[PDB]
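**Student:** Please find one structure pasted underneath; my questions will follow.
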Protein chains: 2
Amino acid sequence: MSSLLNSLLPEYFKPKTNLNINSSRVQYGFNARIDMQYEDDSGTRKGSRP
Amino acid sequence: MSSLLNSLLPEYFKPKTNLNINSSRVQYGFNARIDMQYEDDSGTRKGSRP
């Protein structure tokens with residue numbers, strides 16, 4: 001059933017037809033922007049991985 | 001004039017009669033609590049001298 005397996009894919013994922021696989025290992029994932037924060041009695045230390 | 005020289009003294013200063021001076025040098029002043037702060041894009045670093 002193509003229909004039920006299609007709904008499992010994420011909303012942001014827009015797939016194309018061809019995929020040129022040339023190896024026996026693939027790292028599928030996503031890139032996200034994490035805005036980390038460390039608060040303490042002394043003060044706050046902010047970080048950001050884009 | 002005792003009156004005009006009396007008004008120059010601070011409000012918190014409550015003087016007593018006797019002062020036992022035993023040297024040719026005196027460091028008059030006051031003790032205060034300073035709450036310092038350093039803010040920056042990275043974060044805030046707070047200090048306190050009581």
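Identifiers in this document derive from the order of the structure tokens: chains are assigned A, B, ..., residues are numbered from 1 separately in each chain, and ligands are numbered from 1 in order of occurrence.
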Mind doing a quick least-squares superposition of chain B onto chain A, all C-alpha atoms paired one-to-one in order, and writing it out as a compact mmCIF listing (two decimals) with C-alpha atoms, in the first residue's frame?
**Tutor:**
```txt
# COMPACT_ATOMS: atom_id res chain seq x y z
CA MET B 1 0.00 0.00 0.00
CA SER B 2 1.73 3.21 -1.32
CA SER B 3 -0.89 5.46 0.46
CA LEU B 4 -0.25 4.48 4.16
CA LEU B 5 3.62 4.34 3.75
CA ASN B 6 3.51 7.86 2.09
CA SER B 7 1.80 9.46 5.20
CA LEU B 8 4.73 8.25 7.47
CA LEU B 9 7.16 10.72 5.69
CA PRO B 10 7.64 14.18 7.36
CA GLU B 11 5.88 17.43 6.19
CA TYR B 12 9.17 19.34 5.40
CA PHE B 13 10.45 16.31 3.32
CA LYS B 14 9.84 17.02 -0.45
CA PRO B 15 11.19 13.94 -2.33
CA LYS B 16 12.38 13.79 -6.01
CA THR B 17 12.29 10.74 -8.38
CA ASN B 18 15.95 9.61 -8.92
CA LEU B 19 18.36 8.69 -6.02
CA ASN B 20 21.91 7.73 -7.23
CA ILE B 21 22.95 5.16 -4.50
CA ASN B 22 26.68 4.21 -4.98
CA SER B 23 27.43 2.56 -1.54
CA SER B 24 26.07 0.03 1.07
CA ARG B 25 25.59 2.70 3.86
CA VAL B 26 23.38 5.90 3.98
CA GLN B 27 23.08 8.47 6.86
CA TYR B 28 19.52 9.93 6.46
CA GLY B 29 18.55 12.73 8.93
CA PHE B 30 17.82 16.51 9.13
CA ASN B 31 19.70 19.81 9.88
CA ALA B 32 18.15 21.83 12.80
CA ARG B 33 19.13 25.11 14.62
CA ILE B 34 19.53 24.47 18.44
CA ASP B 35 19.50 27.60 20.73
CA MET B 36 20.99 26.19 24.02
CA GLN B 37 21.03 28.18 27.34
CA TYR B 38 22.77 27.61 30.76
CA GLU B 39 21.31 29.80 33.62
CA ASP B 40 22.96 29.99 37.12
CA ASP B 41 23.16 32.35 40.21
CA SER B 42 26.44 33.83 38.72
CA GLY B 43 24.88 34.50 35.25
CA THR B 44 23.56 33.06 31.91
CA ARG B 45 25.81 31.51 29.15
CA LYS B 46 24.07 31.31 25.70
CA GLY B 47 25.13 29.10 22.72
CA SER B 48 23.78 28.49 19.15
CA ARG B 49 24.56 25.63 16.67
CA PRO B 50 23.10 26.79 13.29
```
**Student:** Would you mind writing down, as a PDB file with C-alpha atoms, in the first residue's frame, each residue of chain B that DSSP on the backbone assigns to strand (DSSP E)?
**Tutor:**
```
ATOM      1  CA  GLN B  37      26.617  43.267  36.344  1.00  0.00           C
ATOM      2  CA  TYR B  38      28.341  42.541  32.948  1.00  0.00           C
ATOM      3  CA  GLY B  43      25.456  35.943  28.454  1.00  0.00           C
ATOM      4  CA  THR B  44      25.370  37.911  31.784  1.00  0.00           C
ATOM      5  CA  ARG B  45      28.061  37.611  34.569  1.00  0.00           C
ATOM      6  CA  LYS B  46      26.848  38.918  38.009  1.00  0.00           C
TER       7      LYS B  46
END
```
**Student:** If you run DSSP on the backbone here, which positions in chain B get helix (DSSP H, G or I)? Please write them as a PyMOL selection string.
**Tutor:** chain B and resi 2-7
